[PDB]
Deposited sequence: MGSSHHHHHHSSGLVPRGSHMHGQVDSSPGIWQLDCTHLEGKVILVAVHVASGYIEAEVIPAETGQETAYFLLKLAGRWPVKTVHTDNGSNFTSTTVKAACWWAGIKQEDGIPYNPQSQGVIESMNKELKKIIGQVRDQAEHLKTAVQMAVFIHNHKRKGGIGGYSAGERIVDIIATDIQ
């Protein structure tokens, strides 16, 4: 169901990889800079996300990355269901748009990515932000 569904995606910037988790119903995001797209990086990120938010189902833009036994262990341990198939381009475009706008304010790319995550989750779209929508969606399900 809708409150526990997340989409994982990866995007490239400055010879680095940005791993993004999107809470599908709200548009709320978590993101991190990693050296390369690997099973180990995805597994560790999933384990972190699942301890912080209710993660019931995960989708990816890269099915081969979910085949990894390290990713399988993270989903098995956290009780996450892997679901095939999957917007993503637009989220990656909007995130890179925010990143480019703030890039000069920081030395490290990871700092600019976290500033971009902050801007995205706090942005009101009398409208609500993605941060307000995720908390609203999950509290309703409790």
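Missing from the model relative to the deposited sequence are positions 1-26, 113-120, 160-162, 180 (no C-alpha coordinates, numbering from 1).
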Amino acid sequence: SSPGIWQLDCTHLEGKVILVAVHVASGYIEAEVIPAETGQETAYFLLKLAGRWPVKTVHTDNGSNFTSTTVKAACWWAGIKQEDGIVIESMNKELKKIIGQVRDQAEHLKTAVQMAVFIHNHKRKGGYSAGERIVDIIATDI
From here on, numbers count along this sequence of modelled residues.
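Once the C-alpha B-factors are averaged per stretch, 26-34 and 89-97 rank with 89-97 first.
Higher mean CA B-factor, judged across 58-66 and 108-116 from the recorded values: 58-66. As recorded in the PDB entry, 142 shows the highest C-alpha B-factor of the residues 8, 142, 135, 5.
Set against one another, the Cα B-factors of 102, 73, 47, 80 in the record reach their highest point at 102. Sort the modelled residues of the chain by CA B factor and residue 21 lands in the lowest third.
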